[PDB]
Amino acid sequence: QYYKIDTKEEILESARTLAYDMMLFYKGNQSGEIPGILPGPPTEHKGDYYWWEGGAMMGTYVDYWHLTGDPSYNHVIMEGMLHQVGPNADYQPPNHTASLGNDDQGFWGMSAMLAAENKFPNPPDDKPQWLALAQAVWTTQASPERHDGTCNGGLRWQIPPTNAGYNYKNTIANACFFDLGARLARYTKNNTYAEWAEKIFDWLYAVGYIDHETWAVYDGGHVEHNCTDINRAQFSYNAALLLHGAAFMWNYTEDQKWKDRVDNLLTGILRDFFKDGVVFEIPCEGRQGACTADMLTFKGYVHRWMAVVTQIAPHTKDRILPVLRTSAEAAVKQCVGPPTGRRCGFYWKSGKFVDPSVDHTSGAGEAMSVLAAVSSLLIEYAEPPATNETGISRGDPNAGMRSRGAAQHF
């Protein structure tokens, strides 16, 4: 194996090298390129990756700096995050309408939220601030036209009604909105965020995307079947995001119901996604060549989000941290690929490097996921997410409410 992770010093060094290798995929800080995105989209034959994955990358680097103290990439990341905000400072840039799903917008919002929680340096005074960007995403997601009576509520996957998939009310869209609301409640101490988060979680439970018996977390259902045609694929990031938001709700509310939800979601995740201590993407990983570019990034979110759960729901620490350690050990074991001797693949549990070309990408998601897993080994040494008591970001009471905002011509 190339990377060492047995001590704090070794983990820092490994994370710094992993941060370098992941950055090689990113061209957006170079002359003539677009900040904030990885190469793509594949629909234009520009590269393998969609817009939302750029937002995921930004958040991974906000976390990297928080966990390691290394600010080397902070300028590049601030530039990327700011470039993609759109004219209404809401992460709805219209050039990206095809990529405008509530989830895609949500991931950008979550990265802004993370920047506020982590005290990431503020943008210039005349630019949108991190908390305000998170508030704008949440506000647009709470807008009445996104909450119709079909399936008794819930967000649709897509924002534009003409986007393919507008008829799919899926877990990830709702989980993003839930997680933002829970996080905004904790940061701002404003209970209206929390009331929305409660409502959306209760909807996910009622519609049966959360299994009442096992606490498995399914993918979604379609409005023309009243959401009853549940797609029971279990993607790791769905359960993990609900766990993350539930942990923020437990920390904010101190309500035993939320502690029980954390515990039940966590039991399910350990049962379903961790295979002898290693995270495993159950709908696709069992054979090579099935995971999409998006799926290759999920395990990295699992690691980062579960690590934060241990800070804000500290009773979970002993269930989570040993398992994240075994999973990260497997991640680095297989980061041995040519031509560098340290290239990372996806198939951690297998114990073997598999070239990312088997899944038809250059390998940025796998690189991101290992970076996430290794960095998050430092969670014990990191500060917990800040609230407005110690944060440095600023909000906006009219975030998401501009008169030129897209909701005004829906």
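Don't overthink the numbering: it's just position in the shown sequence, from 1.
J.: Read off the CA B-factors in the entry, average them over 362 to 370 and over 43 to 51, and name the higher stretch.
T.: Comparing 362 to 370 with 43 to 51, the higher average CA B-factor belongs to 43 to 51.
J.: If you average the Cα B factors in the entry, which is higher, 283 to 291 or 165 to 173?
T.: Looking at the recorded C-alpha B-factors, 283 to 291 comes out higher on average.
J.: Just the C-alpha B-factor column, please: which of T139, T310, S99, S236 has the biggest number?
T.: Max CA B-factor in the entry, restricted to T139, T310, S99, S236: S99.
J.: Looking at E224, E195, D211, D219, which one carries the largest C-alpha B-factor according to the PDB entry?
T.: If I rank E224, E195, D211, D219 by C-alpha B-factor, first place goes to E224.
J.: When the deposited Cα B-factors of this chain's modelled residues are ordered and cut into thirds, is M401 in the lowest, the middle or the highest one?
T.: Top third by C-alpha B-factor.
J.: With respect to C-alpha B-factor, does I34 fall in the lowest, middle or highest third of the chain as deposited?
T.: Tercile = highest for this residue's CA B-factor.
J.: Among the modelled residues of this chain, does the Cα B factor of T60 put it in the lowest, middle or highest third?
T.: Lowest third of the chain for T60's C-alpha B-factor.
J.: Using the B-factor values recorded in the entry, state whether the Cα atom of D318 falls in the lowest, middle or highest third among the modelled residues of its chain.
T.: Answer is highest: the recorded C-alpha B-factor places it there.
J.: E9: which third of its chain by C-alpha temperature factor?
T.: According to the entry, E9 has a C-alpha B-factor in the chain's highest third.
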